[PDB]
Amino acid sequence: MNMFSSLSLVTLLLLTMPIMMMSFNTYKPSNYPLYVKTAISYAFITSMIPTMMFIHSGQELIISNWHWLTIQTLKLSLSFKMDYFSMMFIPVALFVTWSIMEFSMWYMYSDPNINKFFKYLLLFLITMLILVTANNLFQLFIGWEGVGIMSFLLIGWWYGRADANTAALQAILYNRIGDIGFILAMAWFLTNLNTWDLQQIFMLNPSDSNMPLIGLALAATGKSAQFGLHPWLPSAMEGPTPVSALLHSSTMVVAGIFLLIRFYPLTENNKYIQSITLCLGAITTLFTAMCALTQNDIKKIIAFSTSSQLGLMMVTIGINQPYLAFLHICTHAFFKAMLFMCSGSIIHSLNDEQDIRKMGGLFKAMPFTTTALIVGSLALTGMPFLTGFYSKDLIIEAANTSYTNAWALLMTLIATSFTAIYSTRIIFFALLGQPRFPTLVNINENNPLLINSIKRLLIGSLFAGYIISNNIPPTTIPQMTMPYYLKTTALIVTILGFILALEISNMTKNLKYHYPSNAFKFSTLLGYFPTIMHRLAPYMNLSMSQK
Amino acid sequence: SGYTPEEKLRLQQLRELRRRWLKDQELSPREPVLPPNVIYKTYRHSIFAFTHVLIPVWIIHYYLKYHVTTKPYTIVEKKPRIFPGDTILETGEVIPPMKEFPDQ
Amino acid sequence: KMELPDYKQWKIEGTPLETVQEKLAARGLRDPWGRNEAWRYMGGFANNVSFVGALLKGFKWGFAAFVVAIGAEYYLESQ
Amino acid sequence: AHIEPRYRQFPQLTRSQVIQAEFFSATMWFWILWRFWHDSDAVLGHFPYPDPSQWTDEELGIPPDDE
Amino acid sequence: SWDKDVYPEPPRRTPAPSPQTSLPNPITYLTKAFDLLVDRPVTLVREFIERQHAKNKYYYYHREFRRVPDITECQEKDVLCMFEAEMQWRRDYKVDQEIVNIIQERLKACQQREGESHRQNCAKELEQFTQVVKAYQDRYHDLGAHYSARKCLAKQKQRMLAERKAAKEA
Amino acid sequence: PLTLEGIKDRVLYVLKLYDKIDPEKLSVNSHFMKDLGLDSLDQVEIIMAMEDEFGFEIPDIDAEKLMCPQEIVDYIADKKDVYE
Amino acid sequence: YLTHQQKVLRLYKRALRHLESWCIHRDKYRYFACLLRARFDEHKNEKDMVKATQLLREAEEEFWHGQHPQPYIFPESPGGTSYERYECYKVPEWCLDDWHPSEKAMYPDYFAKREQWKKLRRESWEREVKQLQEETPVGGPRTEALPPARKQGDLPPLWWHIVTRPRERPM
Amino acid sequence: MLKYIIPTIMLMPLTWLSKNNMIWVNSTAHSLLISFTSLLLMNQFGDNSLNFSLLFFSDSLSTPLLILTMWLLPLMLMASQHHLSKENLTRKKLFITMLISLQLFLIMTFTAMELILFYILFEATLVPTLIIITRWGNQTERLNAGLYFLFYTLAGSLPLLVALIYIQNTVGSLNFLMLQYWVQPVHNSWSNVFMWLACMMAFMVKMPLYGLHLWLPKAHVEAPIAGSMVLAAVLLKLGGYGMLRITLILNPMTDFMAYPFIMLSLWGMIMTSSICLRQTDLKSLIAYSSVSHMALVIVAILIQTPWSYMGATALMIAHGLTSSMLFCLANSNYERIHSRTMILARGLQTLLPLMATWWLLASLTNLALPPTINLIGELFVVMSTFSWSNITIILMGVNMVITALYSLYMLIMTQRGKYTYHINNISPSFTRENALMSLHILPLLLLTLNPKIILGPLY
Ligand SMILES: CCCCCCCCCCCCO[C@@H]1O[C@H](CO)[C@@H](O[C@H]2O[C@H](CO)[C@@H](O)[C@H](O)[C@H]2O)[C@H](O)[C@H]1O
Ligand SMILES: CCCCCCCCCCCCO[C@@H]1O[C@H](CO)[C@@H](O[C@H]2O[C@H](CO)[C@@H](O)[C@H](O)[C@H]2O)[C@H](O)[C@H]1O
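Reference entry: report on the structure contained in this document. The residue numbers shown here are sequential, starting from 1 for each chain in the order of its written sequence. They can differ from the numbering used in the entry, and residues that have no coordinates are not displayed. For naming, the first written chain is A and the first written ligand is 1, with later ones following in the order written. Here the displayed chains are drawn from a larger assembly, and the quantities reported describe the displayed chains exclusively. Note that water and hydrogens are dropped before the side-chain values are worked out from all heavy atoms of the structure. Residues with missing side-chain atoms are left out of burial classes, side-chain pairs and their counts.

1. Quick look at the overall build of chain B
Note the threshold: Helix and strand assignments follow DSSP, with helices taken as H or I runs no shorter than four residues and strands as E runs no shorter than two, numbered in order from the N terminus. Within these notes, the globule rule equals 2.2 Å times the number of residues to the 0.38 power, and the radius of gyration is based on C-alpha atoms. The rule is simple: take the accessible area with a 1.4 Å probe, protein chains only, and divide by the maximum for that residue type; under 20% is buried, over 50% is exposed, in between is partly exposed.
For chain B, the helix and strand inventory stands at 2 helices and 1 strand. Scanning chain B from its N terminus toward the C terminus, one meets helices and strands in the order α-α-β. Taken over the C-alpha trace, chain B has a radius of gyration of 39 Å; the compact-globule value for 104 residues is 13 Å, which it surpasses by more than 25%. Expressed as a percentage of the 104 residues in chain B, the buried residues total 29%.

2. Some remarks on the nonpolar core
Quick reminder of the rule: Think of a nonpolar core as a cluster: buried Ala, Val, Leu, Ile, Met, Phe, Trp, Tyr and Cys residues, connected wherever their side-chain atoms sit within 4.5 Å. Whether two residues are in contact is decided by their heavy atoms, any of which lying within 4.5 Å being enough.
Core analysis: the largest hydrophobic core is formed by 465 residues, its most contacted members being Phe189(A), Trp196(A), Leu247(A) and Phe263(A). For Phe263(A), the residues in contact, after removing those within four places along its chain, are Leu137(A), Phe189(A), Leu198(A), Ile201(A), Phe202(A) and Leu216(A).

3. Remarks on the site of ligand 1
Our working definition: We call a residue near a molecule or strand when any one of its heavy atoms sits within 4 Å of it. Distance and chemistry together define a polar contact, namely a pair of N or O atoms within 3.5 Å, with one atom able to donate a hydrogen and the other to accept it when in protein, and with adjacent residues in sequence counting only for side-chain atoms on both sides. Method for areas: the Shrake-Rupley scheme with a 1.4 Å probe, in which residue coverage is limited to the protein chains shown. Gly counts as polar in this scheme, as do all residues outside two lists: the nonpolar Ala, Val, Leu, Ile, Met, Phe, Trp, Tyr, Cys and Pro, and the charged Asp, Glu, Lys and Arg.
With respect to spatial proximity, 14 residues lie near ligand 1, and among them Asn25(A), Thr26(A), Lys28(A), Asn31(A) and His52(B) are the closest. In this structure, ligand 1 is bordered by residues of chains A and B. Separating an oxygen atom of ligand 1 from a backbone N or O atom of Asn31(A) is a distance of 2.6 Å. For ligand 1, an oxygen atom lies 3.3 Å from a polar atom in the backbone of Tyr35(A). Here ligand 1 loses 69% of its free accessible area of 780 Å² to cover by the protein chains. Partitioned by chemical class, the residues of the shell around ligand 1 number 8 nonpolar, 5 polar and 1 charged.

4. Things to note about the sheet that holds strand β1 (residues 61-71) of chain A
The test is simple: At least two DSSP bridges between two strands are needed for those strands to be called paired. Simply put, an axis is a line fit to the C-alpha atoms, just over the touching stretch for a helix, and the angle between two N-to-C directions goes from 0 to 180 degrees.
The strand order across the open sheet formed by 3 strands is β2(A)-β1(A)-β1(B), and the pairing between neighbours is antiparallel. Edge positions in the sheet fall to β2 (74-82) of chain A together with β1 (75-77) of chain B, since each of these pairs with one other strand and no more. On average, adjacent strands in this sheet sit at an angle of 30° to one another, irrespective of strand direction. Two elements, β1(A) and β2(A), share 9 bridges in a ladder whose sense is antiparallel. Residue pairing across strands places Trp66(A) opposite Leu78(A), the latter belonging to β2(A). Sitting on the sheet, helix α1 (residues 2-20) of chain A touches β1 and β2 of chain A together with β1 of chain B, and the angle it makes with β1(A) is about 65°.

5. Here we look at the side chain of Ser31(H)
Residues and elements named next belong to chain H. For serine 31, the position within the fold is in helix α2 (residues 23-37). With relative accessibility at 1%, the residue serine 31 sits in the buried group. In terms of polar contacts, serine 31 uses its side chain to reach the backbone carbonyl oxygen of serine 27, at 2.4 Å.

6. With respect to the interface of chain A and chain D
Rule in force here: Summed over both partners, buried area is the accessible surface (1.4 Å probe) that two parts give up on being assembled. Here, a salt bridge means any side-chain nitrogen of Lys or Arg that lies within 4 Å of a carboxyl oxygen of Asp or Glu.
Taken together, the contact pairs 37 residues of chain A with 34 residues of chain D. Across the chain A/chain D interface, buried area totals approximately 3100 Å², and carbon plus sulfur atoms make up 71% of it. The tally of links between chain A and chain D comes to 0 salt bridges. Where the side of chain A that touches chain D is concerned, the elements lending two or more residues are α16 (367-380), α17 (389-400), β3 (440-441) and α19 (448-469) of chain A. Broken down by element, the side of chain A that touches chain D gets its largest block of residues, 7 residues, from α19(A). A breakdown of the residues in the side of chain A that touches chain D according to their chemical character gives 24 nonpolar, 7 polar and 6 charged. Looking at chain direction, β3(A) and strand β1 (residues 6-7) of chain D are connected through 2 bridges and run antiparallel. Bridge pairing in β1(D) links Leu440(A) to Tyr7(D).

7. Quick word on the state of the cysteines
Two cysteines form a disulfide when their sulfur atoms are joined by a covalent bond. Residues and elements named next belong to chain E. What counts is decided by this rule: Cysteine sulfur atoms are paired as a disulfide whenever they come within 2.5 Å of each other.
A full pass over the atoms with the stated rule returns 1 disulfide over all chains. Across the disulfide, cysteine 110 is cross-linked to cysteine 122 (sulfur-sulfur distance 2.0 Å). Between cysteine 110 and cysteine 122, the disulfide has an S-S torsion of -100° and is therefore left-handed. Of this pair, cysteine 110 sits in helix α2 (residues 79-114) while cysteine 122 is found in the loop between α3 (118-121) and α4 (123-140), placing the two residues 12 residues apart along the sequence.

8. Some words on helix α6 (residues 126-135) of chain H
Put simply, the rule reads: The directions considered for the arc are those from the helix axis to the C-beta atoms.
For α6(H), the complete set of buried residues consists of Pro128(H), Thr129(H), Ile132(H) and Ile133(H). Viewed end-on, α6(H) has its buried residues packed into an arc of 125°, placing them on one side of the element.

9. Looking at a nonpolar patch on the surface
Where we set the bar: Here the term patch refers to residues with relative accessible area over 30% and no salt bridge, with like charges joined within 9 Å and nonpolar side chains (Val, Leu, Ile, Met, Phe, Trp, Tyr) within 5 Å.
On the surface, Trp66(A), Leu78(A), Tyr63(B), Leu442(H), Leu446(H) and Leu449(H) cluster together into a nonpolar patch covering about 540 Å² of accessible area. By the element assignment, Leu446(H) lies in helix α20 (residues 431-446). Residue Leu446(H) is classed as exposed on the basis of its relative accessible area, which comes to 52%.

10. Regarding the site of ligand 2
In the neighbourhood of ligand 2, the contacting residues comprise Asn56(E), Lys57(E) and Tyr58(E). Expressed as a share of its isolated accessible area of 780 Å², the protein-covered part of ligand 2 is 15%.

11. Observations concerning the interface of chain A and chain H
Facing the 40 residues of chain A at the interface are 45 residues of chain H. Taken together, chain A and chain H are joined by 0 salt bridges. On the surface where chain A and chain H come into contact, there are 9 residue pairs in polar contact. Residue assignment for the side of chain A that touches chain H shows that the elements contributing at least two residues are β1, α5 (137-155), α6 (162-192) and α23 (529-546) of chain A. Of the residues forming the side of chain A that touches chain H, the biggest block, 14 residues, is contributed by α6(A). When grouped by side-chain class, the residues that make up the side of chain A that touches chain H number 27 nonpolar, 10 polar and 3 charged.

12. Focus on the packing of α2(E) against α4(E)
Residues and elements named next belong to chain E. Which entries qualify depends on this criterion: Any angle that falls under 35 degrees is termed roughly parallel, while one over 145 is termed roughly antiparallel, one within 65 to 115 roughly perpendicular, and all others oblique. Handedness of a helix crossing follows the sense of rotation of the near helix relative to the far helix, less than a right angle counterclockwise being left-handed and clockwise being right-handed.
Two elements in contact, α2 and α4, have axes whose closest approach is 9 Å; the angle formed by their N-to-C orientations is 160°. One element, α2, and the other, α4, form an angle in the roughly antiparallel class. Taken as a pair, α2 and α4 cross one another with a handedness that is left-handed. For the pair formed by α2 and α4, the contact residues are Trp89, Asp92, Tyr93, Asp96, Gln97, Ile99, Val100, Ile103, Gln104, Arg106, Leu107 and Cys110 on the first element and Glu125, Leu126, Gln128, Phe129, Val132, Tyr136, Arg139 and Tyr140 on the second. When the residues that make up the contact of α2 with α4 are grouped by side-chain class, the tally is 12 nonpolar, 3 polar and 5 charged.

13. Focus: unusual backbone geometry
Note that the residue after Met207(H), namely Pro208(H), is joined by a cis bond; omega there is -5°. Geometrically, the link from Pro370(H) to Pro371(H) is a cis peptide bond, its omega value of 0° lying close to zero. Locating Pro371(H) in the fold gives a position in the loop between α17 (353-366) and α18 (373-388). Phi angles above zero are rare outside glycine, and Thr26(A) is one such case at about 50°. In this fold, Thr26(A) is placed in the loop between α1 and α2 (32-57). With a phi angle near 60°, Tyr73(B) is a residue other than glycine that sits in the positive phi range. Mapped onto the elements, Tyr73(B) comes out in the loop between α2 (38-68) and β1. Under the relative-accessibility criterion, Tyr73(B) is labelled buried at 12%.

As structure tokens, this is what we get:
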């Protein structure tokens, strides 16, 4: 516990050292980005030692080191919960961030504010580790709002562009709507219990937990962009590609799912909240997958891929399988961060072109980007024994055999099929066919920073799921007895999605004149939720203000 | 539908100046006038581990061992799992086995 | 400073752009920008894998490594 | 620039990127086949699923229709 | 360091290592590397500091507040006696806030310590927390921001009247 | 990095792959309509090809006025800050 | 505002760009681009401007129906993904005036050339103001067009902010 | 309190006897020393307050307000000297003398035992305030627009005077220590309703309460920067400080007499935040921002629970430093472009990089980013009003959304986007301006490490 706790805090303290050194302590602005990458890499090593100890004997601690404030009978302290979820999430997030930072060392090379960009990524990571390790709700709130502000500062990185400033402010708006649910839980827990500590909350274990859990579901709804508070995540593509890779994997978007996992001792015994989060997740997973079918921007497609996978995570929460929801957060961070780094590799080669209609014929032109994209796509679509299969496959099996909403289950299976359709869409239009990009060819993926960063995540996208799933201890009873047609449902609908997508893609080549459809325009225009809501809601509010 | 004769002439005259201006943004060879192998990678890494790992853990261990853990309930361990057939270090106790399982 | 390849290479013959020209000549039309797209269908960009081919990338050597691994696993059993 | 841009032509490639792309493409397929050989149950089914229409009345303790 | 009776902890039972693998345990090796590179140099530094501390030994004390008459014994509008009783009540109110804090800290330490068995093994801690919270609520809840001994006494007498009445009803 | 000669070469290159133009009658000063006898629908197509060639759009108001390769070369050079 | 001749050509260009968004594949696009071109060629020699206008109006109604919901947009065009991406890097030239002398001491050749330009701007301003006033009718300009320099030695009126505008990739 | 009164008075001889070119150096240096000695007031006790003498006392409520008051004088001097540089020497000393006399009345006001002594000083602060705003204000428009002077004095100052005079006759004293032991409950009575309103309406107008707030935006648009700093930072808190004190003797009538004012505050909290979205004037935007924040303080005082009083005290201090910094940030732009219009100068982050960092920090504290004391105060009031009625979480939450919207809208409009082409006189930020901002934000952020010293007596 002396070594476990010391190495648990040095990891957090280490990540803040490049921030403190910005006060001109031996400052070497020559290579600050390299200094930040190294700190993350060493932070990954030290974080893996507590993880081994937990893997070994299940050792876990709370470190309430600093007493900050006492409000009568509410003592507030700086307390870190270094448990199952913290043990396993921190090494994954540090591993993924390490690759994104090395990738950024190349992607953002020409940016004059390269140093400021890396400082923001480090702060964006720090506020996420405050969130995950937090042991009381107030400290959890510090991290919760912390990622929100860094999202704003990184989405609006190119601040001369009005669309970037509009997407940055959109993320804040939708997230602060969710924070109404966060404060509602804080208010309820303080009043009905007498604590913001997770320990005293679980010990008292209220049964009348509808109100605080509706507050947490709302807070998770905005932060992880479930249906209703979802349009901001696609809009967040205005930020630089390295921002989207971090945003969509090892930081902001999973915080909403992480929050509900933290409170599984409460959601366990609330069938009402389980039914709300099942249906909430089920529509999200389908709706966003349907939108991704007709998108043409490569970053938009991956952004909707995230909302669809976050929807599946919310479904897992709602079928009372919080530990499978966590396992999906971990695995998803590997192949999803890679897909963004493969898109950025393509976008960079084609001189900032993000429209797949202007790509094509890249299979041989970019061989290593092609390999990672195919591995990433297969991992996303639950190819057996890749990183994505160890979580998605068990989630679909557990959803099939649960006492579940029937409509939510059907919508979850259709969304799995659609995953195979838009994944094919990226491969077909970006890598296959003849080139459709301009005539001056600057395709060059020969950079060690690009190769090494993608390579490490590629190795993770192959073996991370197997290694993690073989080391974590059992916390449930996995249900392994079940009919063949339920056992193989996830693989079958995935395969029919691939077959059904080849036909659609190939018909684009026939010399026939398309005809727009109501379904096509509905999917292309995102179901019209932005067009109606983002015009009508600002209009009613802004016109109301003057008069 | 093309340029009028004056439009072409104004464009030409602004081309001369604009191209001359851009040529003048180039830096002189002296500018800016500033005022006055394994071992290397190992030394850079060795000095980094010392300053950014060893010193922080010395300060953190000192802080935890002598300032935090000396106050009650500051670092609370989850009690270790005891399985049948174990031997308790503190007492030397011996946890008995479980009943004989039925055949399976 | 840069050398443009000779422009007379780019002919639509042998590409689907020739299929287009034939279909347009039936309607009495012609495609005047055919050779401006021909480079996309020639020499390095000419032949591209199919979707199944893209997925099966590296399968041939993965299988060769697989047969050796399991064979070397069985040889370690009989022993 | 160790890679010169080309005009209307397939880009120049290096051996290092082609070999590494093939090694990791072949690693992915070796891994899938190696695991499928040893863990095929994870994809098809761990245990048999009984057919309840086969269980007898004696073992389910169903009394005779006249008792 | 602290008082074991105020902040109790049960005896620790850690099972002996019983390895069943020929592989070395990398944790045990890192433990020696920690016990050598971190613990001992840290211990040497502390021992030197504690040597300086032993040279200079001075003491501080816990203030003791003699008891004075409560608000119930003060004359109406007699500020001199109401002042001392009012200050005493505030001191007790602040102490009672920290008695509830001690009991909550026991409850939270228990939950983490017991792991997955906390619901059964922390029932004594939960019951004690329940009774202290009830007693604190009886004394000080609903007094308002402008609380005082006078309003605390008015709340008590109202509660005493309801208890006395329900006795007759019985 | 673009140069005034590189823009010229690619502009003429694109025109020599146009079937309505004689590659021997084409020069930087060859007016599309007066010299080559093209129509204003062909002029639209020629400008669209340059946008694809260089990957940026020429607004219709500016595009109407580019009636020889040199004017196209000058326009592209100006927007791209090419000067030598 | 526009002529009839301009509206047709703008619709031809816009029609082609949306057709390209639907077709995606270059051969498929080149096939329908010539079909579309043929439709315009069918009515190139119409003379009844009442018919010609009605043809255009029905064409624009057809376009709006067949329009693409997500047409391709060049990255740097208005509404594209790179539009205004570098505005945050464009600093106006007058900011160099406020530099500290120690900051200007780092670029002595650049700043010497910059005073030559500032001198040129001063000596030219009075002449530019006259040329606009003498060439400008009574009642102010009728259009926004500006004249060229007429004599040798003059500079075209109002040129500084065009000539010294920030580069499109300043950093 | 004489160790602060006497040195403050001595700033007047110092200012009038300095060399002509040393008036700013001398007064700023010595007023910073008085601010240093004000930290000795934090000798507070858990049970008793720091009762110096028969006239003055300090407790955890007034102490942070005193320290803020004494901190603000040097900051106001630094902020004022640029635009008063063309003023002649005798008028610079009169301007400085007005600020010193304003501090003299403020420190006495926050420490008076006797509520009538508090009333006289609480009103004496207006004499220096109106002189500063009118004599050194922007335009010929009258801050004391006549209607506002009449409404305030008739419905505020005068009824308060009669109520206090009446109370001392009935109780025999208005010493606040005595009122703690001799307080008697207030029964339902039409006469008592009017005593309640008389005791409260003056402080409601000064807060200001929603519906009585139109004066505040007008005053900020006219005031010089120093006027806006003291007005936003402290003078509004005089109304808040008065209510926190006088509510001791208004129970239990506050149980129901507070409903209309809670409704005005809860609704007006959202209406004024929305107005901030369509403001074209920075000083008006910040002024309406203050109305929204002070709506929380009114609600907190009126529901009177231990958590709401702790939240109220933290909110008053946090708003004081944040709103003051926002006015200084806006003023620095104004001293270059000479316009309060927010849309006129844009993309300023390109031209003034460090000043854009001050803007961001000022906006983050304004929208109550954790763990800034801005949030600690706001969270405590949210926690307490949830108990008062769970439905309030809806209105509190919606206001949190809107507050983030206009805070970042103000940051985005002025600092981001393309810069304005014809504005070519944006000179680099002066050391004076950068230091002025950093003296606002550093203490504000440092208080996050030790929030207890701003949580008031209920802590
Ligand atoms: C909580 C208390 C913590 C106490 C910490 C005490 C400070 C100990 C750190 C002293 C040395 C810090 O050194 C600081 O970090 C690294 C150290 O290599 C330097 O950075 C150096 O290495 C990196 C890569 O390794 C290079 O990218 C960089 O070009 C080089 O300069 C920083 O330029 C220097 O400012
Ligand atoms: C950040 C810098 C701030 C600078 C200002 C604050 C620093 C002041 C430090 C002075 C601390 C002195 O504290 C003082 O230590 C001496 C140590 O012998 C004690 O001295 C006393 O203690 C014991 C017995 O009582 C004997 O050893 C000693 O003879 C006796 O005089 C005092 O009881 C104690 O009050």
